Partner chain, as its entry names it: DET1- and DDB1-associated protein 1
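To begin, one chain is listed below as structure tokens, in the form solved without the partner chain.
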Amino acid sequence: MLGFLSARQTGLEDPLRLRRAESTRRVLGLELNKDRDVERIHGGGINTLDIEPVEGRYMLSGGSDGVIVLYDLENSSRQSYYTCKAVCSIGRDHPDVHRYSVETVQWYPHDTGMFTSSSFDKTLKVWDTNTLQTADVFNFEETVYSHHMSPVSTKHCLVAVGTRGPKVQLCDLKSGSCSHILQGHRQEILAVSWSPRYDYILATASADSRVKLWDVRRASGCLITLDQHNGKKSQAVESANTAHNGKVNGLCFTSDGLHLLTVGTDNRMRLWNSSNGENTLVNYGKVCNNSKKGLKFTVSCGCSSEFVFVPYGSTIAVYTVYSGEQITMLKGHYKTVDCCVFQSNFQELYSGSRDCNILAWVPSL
């Protein structure tokens, strides 16, 4: 620690680099913050969390109980220990309460006053945070598995929605619209997410064991299909071009948006060239994934190394995006971990699991 300080004061090594360099040092010795607590409201195992993109003060949580809990994560007690209280929650009394399991809940990129919620009650709901009413409600032929908006810009207001329907469904928030559809996947889509880097690029993870990347401005055809053998395998049609040996159900972009992480039902994580789809052959080993739903997992940023937090059984396994080397498996949950979500401001992490308990993970010393 002291050498870090005596370098920074002298201007030996770049200050902001030493922060990056310092920050990976914290993510390493991160442990289950025992002096923190997330208040228990969700009656179901947590299917999603989401921490605010600007300042990251408030958090949304989703649950199988069809509930949306909204949390304050700050502390202002004269003590060093505290319990994240829920400021608001869309509970059973509420006129618009989700009827069934809530699988994604996402803060409106570039507007904290709103947020979004999709469920297994085949709806997508738009929300006023400050009043707690509703704004827009959408409806789908099939159970919603994943929804997302690009955190790049506000040149578009499309919401990617990945239902059990093989058609991918893009919903304009601006107006009702919802007519826009993307076509090519053949089985249930389990994960959607946009490129942080690229404005109109969307990724799509269906159960048909393939992944696709779409320019939504294009009225036909995806841009690439992730092929795991990099062509090497002479495969017959409609069996070729399959990312995972089993249904693909996890998707997160790399901090910069230069790669993609697919985790499938075959227990693999694969790191992918987000441009050409080149399987980088980064190993990670067997990553137990036997879920029937989406797999919500996050990526670290603002540190030298880029880690990737994938929920592994009753733990969150921590890898090194580009080395593939596992650091550890954050252990605190007694039941299977559903989701995890990384805090960029203090290199923290929050896990929502079927144990119905959201847990905080901070670095130590």
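Positions refer to the first chain, counted from 1.
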Practice prompt. Return whichever of 83 to 91 and 155 to 163 has the greater mean Cα B factor according to the PDB record.
Written response: 83 to 91
Worksheet entry | Which of 271 to 279 and 170 to 178 has higher mean CA B factor, as the PDB entry lists it | 170 to 178
Worksheet item: When you compare the CA B-factors of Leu202, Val211, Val126, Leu132 as listed in the entry, which one comes out on top?
Response: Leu132
Discussion item. Just to confirm, going by the entry's C-alpha B-factors, which of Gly250, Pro109, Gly246, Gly184 comes out highest?
Written reply: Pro109
Item to complete: Relative to the other modelled residues of the same chain, rank the CA B-factor of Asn289 and answer lowest, middle or highest third.
Response: middle
Worksheet item: Against its chain's modelled residues, does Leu349's Cα B factor rank lowest, middle or highest third?
Response: lowest
Worksheet item: Once the chain's modelled residues are ordered by C-alpha B factor and cut into thirds, is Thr10 in the lowest, middle or highest one?
Response: lowest
Worksheet item: If you rank every modelled residue in this chain by C-alpha B factor, which third holds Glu52: lowest, middle or highest?
Response: highest
Fill in: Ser206, C-alpha B-factor rank within chain (lowest, middle or highest third)
middle
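Form deposited with the partner chain bound: not shown, discussed below.
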Worksheet entry | Selected contact from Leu261, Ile201, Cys178, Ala86, since only one has a non-hydrogen atom within 4.5 angstroms of the partner chain in the bound PDB entry | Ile201
Discussion item. To verify the annotation, which of these, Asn276, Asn139, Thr131, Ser220, has a non-hydrogen atom within 4.5 Å of the partner chain in the bound PDB entry?
Written reply: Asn276
Discussion item. I need the one stretch from 203 to 211, 267 to 275, 157 to 165, 140 to 148 whose residues put non-hydrogen atoms within 4.5 angstroms of the partner chain in the bound PDB entry.
Written reply: 267 to 275
Discussion item. With a cut-off of 4.5 Å between heavy atoms, is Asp172 one of the residues that contacts the partner chain in the bound PDB entry?
Written reply: no
Discussion item. In the bound PDB entry, is there a heavy atom of the partner chain that lies within 4.5 Å of any heavy atom of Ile224, even though the partner is absent here?
Written reply: yes
Discussion item. In the bound PDB entry, is there a heavy atom of the partner chain that lies within 4.5 Å of any heavy atom of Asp215, even though the partner is absent here?
Written reply: yes
